[PDB]
Asks: 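For reference, the structure I am asking about is given below.
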Amino acid sequence: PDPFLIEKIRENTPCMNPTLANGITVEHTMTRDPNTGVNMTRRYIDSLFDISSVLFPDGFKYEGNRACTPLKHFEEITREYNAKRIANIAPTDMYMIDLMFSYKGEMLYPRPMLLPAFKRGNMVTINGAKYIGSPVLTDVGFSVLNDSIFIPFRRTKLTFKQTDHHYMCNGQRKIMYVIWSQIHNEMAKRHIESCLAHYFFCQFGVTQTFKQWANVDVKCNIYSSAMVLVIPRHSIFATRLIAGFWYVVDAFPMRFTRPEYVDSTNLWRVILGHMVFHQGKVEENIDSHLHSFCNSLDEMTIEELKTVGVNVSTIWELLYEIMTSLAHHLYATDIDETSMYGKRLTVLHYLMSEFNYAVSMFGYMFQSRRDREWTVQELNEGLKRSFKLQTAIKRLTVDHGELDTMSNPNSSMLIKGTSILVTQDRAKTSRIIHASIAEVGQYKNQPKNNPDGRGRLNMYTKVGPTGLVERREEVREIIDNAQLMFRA
Amino acid sequence: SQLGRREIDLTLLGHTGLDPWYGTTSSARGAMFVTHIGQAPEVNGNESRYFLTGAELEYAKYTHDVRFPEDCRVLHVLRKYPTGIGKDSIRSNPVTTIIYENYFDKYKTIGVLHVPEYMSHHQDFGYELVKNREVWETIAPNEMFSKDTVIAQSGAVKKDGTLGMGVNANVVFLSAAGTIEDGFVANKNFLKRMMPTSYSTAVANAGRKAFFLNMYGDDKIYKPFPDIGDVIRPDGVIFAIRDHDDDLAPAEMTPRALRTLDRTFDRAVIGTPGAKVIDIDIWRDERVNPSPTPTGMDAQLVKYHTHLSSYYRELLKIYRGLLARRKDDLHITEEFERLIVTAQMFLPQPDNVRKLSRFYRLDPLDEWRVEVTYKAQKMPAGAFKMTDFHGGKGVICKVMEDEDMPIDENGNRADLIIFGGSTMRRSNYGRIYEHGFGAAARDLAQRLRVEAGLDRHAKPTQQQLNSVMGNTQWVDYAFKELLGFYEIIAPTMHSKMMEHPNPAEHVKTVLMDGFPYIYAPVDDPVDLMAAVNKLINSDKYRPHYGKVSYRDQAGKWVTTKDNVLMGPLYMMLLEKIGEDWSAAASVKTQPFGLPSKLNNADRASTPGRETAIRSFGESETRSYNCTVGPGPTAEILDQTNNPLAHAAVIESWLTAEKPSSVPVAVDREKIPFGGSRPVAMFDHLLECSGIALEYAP
Amino acid sequence: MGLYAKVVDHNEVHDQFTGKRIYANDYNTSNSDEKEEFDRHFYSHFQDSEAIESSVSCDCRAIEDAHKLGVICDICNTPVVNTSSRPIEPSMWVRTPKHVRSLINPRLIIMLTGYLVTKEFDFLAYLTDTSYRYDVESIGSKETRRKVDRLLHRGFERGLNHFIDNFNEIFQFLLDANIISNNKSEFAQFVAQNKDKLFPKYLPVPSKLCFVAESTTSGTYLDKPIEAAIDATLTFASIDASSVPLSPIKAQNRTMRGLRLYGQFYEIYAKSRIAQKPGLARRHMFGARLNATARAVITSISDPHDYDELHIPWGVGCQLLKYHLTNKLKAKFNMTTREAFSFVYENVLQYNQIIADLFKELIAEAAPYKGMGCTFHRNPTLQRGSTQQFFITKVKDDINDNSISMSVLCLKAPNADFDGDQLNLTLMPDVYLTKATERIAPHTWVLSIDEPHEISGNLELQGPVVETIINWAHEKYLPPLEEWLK
Amino acid sequence: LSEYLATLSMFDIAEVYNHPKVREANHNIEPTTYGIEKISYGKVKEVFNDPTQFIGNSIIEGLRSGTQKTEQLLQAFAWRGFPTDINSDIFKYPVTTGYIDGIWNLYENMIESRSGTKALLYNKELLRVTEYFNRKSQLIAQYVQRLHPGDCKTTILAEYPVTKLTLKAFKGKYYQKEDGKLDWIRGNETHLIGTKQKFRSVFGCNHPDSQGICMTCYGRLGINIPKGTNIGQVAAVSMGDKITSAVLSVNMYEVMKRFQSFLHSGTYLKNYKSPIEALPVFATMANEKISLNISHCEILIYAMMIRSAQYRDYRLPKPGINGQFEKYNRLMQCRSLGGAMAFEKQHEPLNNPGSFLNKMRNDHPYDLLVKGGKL
Ligand SMILES: [Zn+2]
Ligand SMILES: [Zn+2]
């Protein structure tokens, strides 16, 4: 071709986003800080232990992580057992780090741990096989599917649903929605479901519950079953509180023999435990359950909700906003399910899930054994019992939907490499049209798994530093006009 | 709709941006095209397309290659094998390893970079890495390089910046009988330009159980396997191993017996005959007292292991020197860290500590483990798959000599014959425009070639071009003719070409190439059928439209009654070339006595896959029981379910005067029905439970 | 006239058995010496993933020489037999323990378990095991509690020996009390006719081949449905291995527990291993992986040809016709079998003139047939046409083509296309099967099966050929007839 | 005819595209279903059907000979129309251009892409369901084995209504006309519509074979059947082939489920008391969606018949008018154990007390394979 022709063709062609084209998994896992020289994956490990420090007994600290020399790396994977040193020569892309802990100023035994390394093109070799690690497009903050608000925490996952109950106000029968969620798991191991107002009554007094949040001076407008509660003639949140109170009371009327006992705290906990699970064991058991519940809002989840605009600092503040500001999502959602604009490309949350599981269970062990003197030997045995050599990578090639076998007959990096996108539904092993597919996905690229074009990533997508999908203004009008005609 | 107006640009299309006529193709076919480009192996004759949308420039930026990740300084350069003139010398060095240092860094991280001769991300397809001569000849210790400097890359990435995804082929749309069911009729010379290359590795284990045979040596030299640079011997055997048995030494260990491979009783690994060995890796277990290998059978094994040990020993020495100088200040990349671990796994352990028991994914290594890498070039002929860039998938069903393919009145010879009727039934009309417009573009370049006095088909030389460029009036006239064609077929290209700084250079390039390359962006504001009508009614740019001549299937030279137009199409090869065929007359069974499945260890033990095929499922036996009849159907099953019946079949073939005309294979009087293992197991289990199935009296 | 089911007499099987009989009662697993011998007869053990390099053997693998076939081993007292054809027979037998009347046919237990066993109270254990415990209050269903009250009021004696001795009375009561609330007349007839073969004295342990133990570098692997069989066999062994001799009541209770375990095994094994999609019946009784078969992609024969002829590639021809070529090489060229096998395998991947001549001679010798008979299968198999009989008439001389060329006139019937369709080829071994498979010759699907006196649409020509014909027939190459007459 | 090969190029496209009437069916059109699919498409169909236009054109000559189809050609030379979304919902606005001109605006291009998405569906489930349905019907149908040529000379006829929908399905059936003589339906006896005729039927056969029928009762379609073929399998294959083709290419999946529930009795076949009353109901049901001959319909219904449910005689009745209907599951487990061992839940028939009682039973082709080939 004419050399002048190529220059004019090049001058008139926009360039792809190099971050997406070169591979975003590499950019999110192996990028090193210029100041300290520690990559993203190791920094993620530090953040995990920061949010879990509130469950640590006094004197126990996490000192960080260190890179292991190849000599120690070789010695650890060839440790002698039964007078035999097994060496696996199948190629792998792994490196080793040490986890440092201290107790009252005394350093404990370091725990070696293996982590995977990624190369250009989202390529990784595990046990002699080549794989591709693809990002997952996920909702930020919370997800809504069908009369349900899914909120993922680092240690828990909660779903909030709705039920309707009948209460009689001023002699008039009324219907109100009751929001409930299953927060204890032996309740699943087991009729009334755990109501949020019931949790409020378990924590605060009923009068305190109404005055502190609803600013309502409940007495003993008259509300009765279908015992009297009296409210001044001059809210929806208060109505939901009343509905939940009567929902709890109606199916457990024997417990409330005297009205004043409503304002207690132990009685509500006894009822909750009988729902979940002898009174003596039940009362003590929940007192720990409510203790762990009050510390379940980690710092990382708070920042995620802040981006959506929730602004919650304590777990009780979150429950208030679910009953007040996010209640309409249960019946009349204003968020388009088929959109792709307010989402984030996430890598580490799915890559480091098994390690995150170990960290959470380590913190729960301390909670289950509160008020106990810890010896150095006991702590060393506990650390060895949870953080093992292959804890993080033991299931990468088993049930991780973002890792797939590589088969590329040519040298191109884009066609089936860095352009693979994983939907949130298939993250761990369609929908109607939307104009955002033309900007974020590839609506004509239709593989069998994702025939709607949402299984591939547009290489010209605009992505923020943290992986948030941004909007392109130069195509805003044409995208908007099509969306109107799609729904017309 | 306002014909001639387009809104969608490259940023909204995705992979579809490679097609300049996406709007004229149905969505079902457009999806097929995007899938196809991900299944296309690199061919030897790849070249840039005649029509460019500009997306090829972007796709040529992101390919698997060898780069300097950051601004670094070269510390050491290592070679796996010492290519020289020594007693133990290797013809070529497969791998060069580079140790660098990020000197523009606070911690001065030290990394490693490998430079092989090929890459292979597919099971059986790869490509050669072409070294950049300027950078390669420079590389030496104490040299600084810039970030993102390419050392080697595939040959598809052209120097101009374009990408080679296929080969342009002359196509005539005809209804020849060889085009039935999406078949292609292919010129033999064209298939020589669509040859892929496959890279594969063979693994052998020897030691306490078996020893290598003398497959590549003579009466005075023992050479179990070919060296680097050799080729696989004609029958395809790379190496074979024989079991250890001392009492059979006067028989199995004579010099003649060590040269003869026994197919029934030995084990061999078979690859493509004529393939060239390019790399060898050997692992040895040195803490064996005494080694079970007989003397004189390890000269070749020791030669490669000794050089390999030196390569790993130097790597470990380099790290230890770095660790001594930079105590607690040494930072290394994750790739370098794993490399040092490999070196320690390879080198012998000190005598004070226990030896290593080496494994490869739960497979214990023996004394010797040999891995041989070879490359083969495939000639497409029959059953190969092809497609254009418009979803028109096809299969090569007939190959003709170059002299027999259709030829037009201007001397153009077709590379393919494709049935045109299927275009209307699939509505992929981008096929028509590339074919039709390319024919006009090709004829225009050839017309200017003849007007200048050159041969319309042969590539002109420098002397001829220099004389042609001497005349200025013709050069100016030629440029205007090219511009006039651009005005019709490509408006955006036409505006850019108005102000060419050197019009003579553009004309010279066209005459040399023999084709004017056309820039056709996806958002080109051109009415397609209005452009087609202009070309037909034009006295300048009307493509030649006449008869063609070819040799039919009866060997007769004929000429067509209708006018046939010849034009180019971008073609690409597809994977699954049908190399996984299976055929077996007798298969190895289980302890139960039924045919067994094939594992990877036995996959390459034969030139072709010898696996029993489940040709009679439950559904087939339902059909056979009704048409053929239950009687003969039971006979077919019993010839396999009963191993003794199968033994009778083989004996019948071997003892027959005419093995293909045996009256009866199994004598049912000598081997009556009732010997099938699955039925006997069924009866036995029911009998233990206390029941039996019987005919109703 | 169809197949029905019979009831076998186990003690008659015991009497007619040939060879030394091993009883699982005479084994104490606690003694490590006896455990090894027990595992010798029960499990078929494989010590690694290595191929068995032996054709014949005795029980204890002391003799692996094929020339000693039929000779009885002196260590295991077992004749040397050919593997893959070893007879399938019970590995052991179970005797009647002490102070026990007899055993029970496992078929009868399986039938009773279907009715008697319920979620809250089973009646078989109560009538047979004195150690079975129950709470009448805990029963939370009216029907079962009514049955329980009726049985308790009846006043039967719990115990296996009493259950066997008085079975007609107990069985009759179960019918009257509506315990067996289904097929009352059929069930009574079954028991009344087979009562002589429902209480055997010996029971056969399944064959050694059923229980396969594979020991690898990562442990020993076993089949879970086998569990009940192992437990049942060990239970009877422990009766005589107890340090303190068991009282007659405890002997019966352990015997019944063993019998209940046998019934569980046969039902679960039939449900999980005989009767499923990858089961014994549907995968091996009504299907098979045949010898002398090939599998490859297909192309077209567009040149003038016969509609029922087939062309196979060079590589398929060499491996498929290995013993046909070996027969010719030995006779014509005086090769040994070792040389012939070496010659054939050497030339699979390269052209050889001598092999090519033999291929034509094999095809020409199939007279009066056009070639070697074979059947071509296309999946899925629904209609007649997906399975057709062809004749191999040519082996392609180009080694780079690995496809089976098919006639263009027989592509519509199997709905076959060239896009990655691997078809299955089966070589007919003799003339008897060649005549038999004539019933699926291509001409057998010509006449339509949907409409009388009509030819199926499968016979219609392909698109490219039709376009050529209409381009010729409907051309305006003549003046109109009126002008022709002038 | 090697010199008369047909060819295609942009020259042929220009001929059809430049016709004045084709170019007028692309301008001044109401963007509605009526304006596009009826008026605009009607004009183009008129031009393509004129024998005096496009003489020698490769595209049009193929259309007249059936090589091409108007549905694809109209979407290429006329307006593309209204594509649907993945949920079969239509869009308010149409595609105002054909394929040859091209679709280059974001809205119409995107909605056109949904057709390709609709093309690729969960055919894996469709294959699984169709294969299961075909296997189930074939296993039970195989109990009717042989078709003998000749005439059994029966005085038992069958009274069936003849309608406009089932007249074509009666081809080859012998019916007794006036004066007591036999004639067979040629397919164009329009005067018989709305009447009732006496047919020679499978249910009236008196052939000695306990699992066979004569040619006259089957109809003239039996002439086409190859000799020695299982006649029951032919009926099941004919029904399965047409259903499978429609399902893979009201949903036909619901149609297949409807046929299955009716024949297997879970408006069920067991409700009816005589086969004569049940055939027109099934024939109308079958011929409304697919085209199934009456001979095939009679065989499928006949296979579900038993002699005496009270005495548990599950053999086929002879003649077929003296029998009753039974459910599929009970029949597959109580007719012959060989057939039972090949369907499902093979353990259950082994537990059935009735399997051990000496009874007269029909045989199944799978009986030989259960015994390994013994006789
Ligand atoms: Zn022995
Ligand atoms: Zn009849």
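All heavy atoms count here, side chains included; hydrogens, waters and symmetry mates do not. Indexing begins at 1, ligand by ligand and atom by atom, following the structure's order. Within every chain, numbering begins at 1; the chains are lettered A, B, ... in the order of the sequence lines, protein sequences first and strands thereafter.
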Asks: Consider only side-chain N and O atoms of D/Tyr160 and D/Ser201, and report whether a donor and an acceptor are under 3.5 Å apart.
Replies: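 Yes.
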Asks: How wide is the angle at the Zn ion (ligand 1) between SG in C/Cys60 and SG in C/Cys58, to the nearest 10°?
Replies: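 The SG/SG angle about the Zn ion (ligand 1) sits at 110°.
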Asks: If you round to 10 degrees, what value do you get for the angle at the Zn ion (ligand 2) between D/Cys205 atom SG and D/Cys217 atom SG?
Replies: 110°
Asks: Just checking: D/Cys152, one of its N/O/S atoms, less than 2.8 Å away from the Zn ion (ligand 2), yes or no?
Replies: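 Checking D/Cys152: at least one N, O or S atom is under 2.8 Å.
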Asks: Tell me whether the guanidinium CZ or amine NZ of C/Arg21 lies under 6.0 angstrom from the six-membered ring centre of C/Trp93 and within 45° of its axis.
Replies: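 No, C/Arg21 does not sit over the ring of C/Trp93.
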Asks: Could you go through C/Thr216 and C/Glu214, starting from their C-alpha distance and side-chain angles, then the distance that decides it, and tell me whether this counts as side-chain hydrogen bond (donor to acceptor under 3.5 Å, both in side chains)?
Replies: CA-CA 6 Å; C/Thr216 63; C/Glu214 302 173 355; over 6 Å; no
Asks: Show your reasoning for whether salt bridge (charged side-chain N to carboxylate O under 4.0 Å, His left out) applies to C/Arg95 and C/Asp26.
Replies: CA-CA 9 Å; C/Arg95 250 202 328 268; C/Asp26 308 343; 2.6 Å; yes
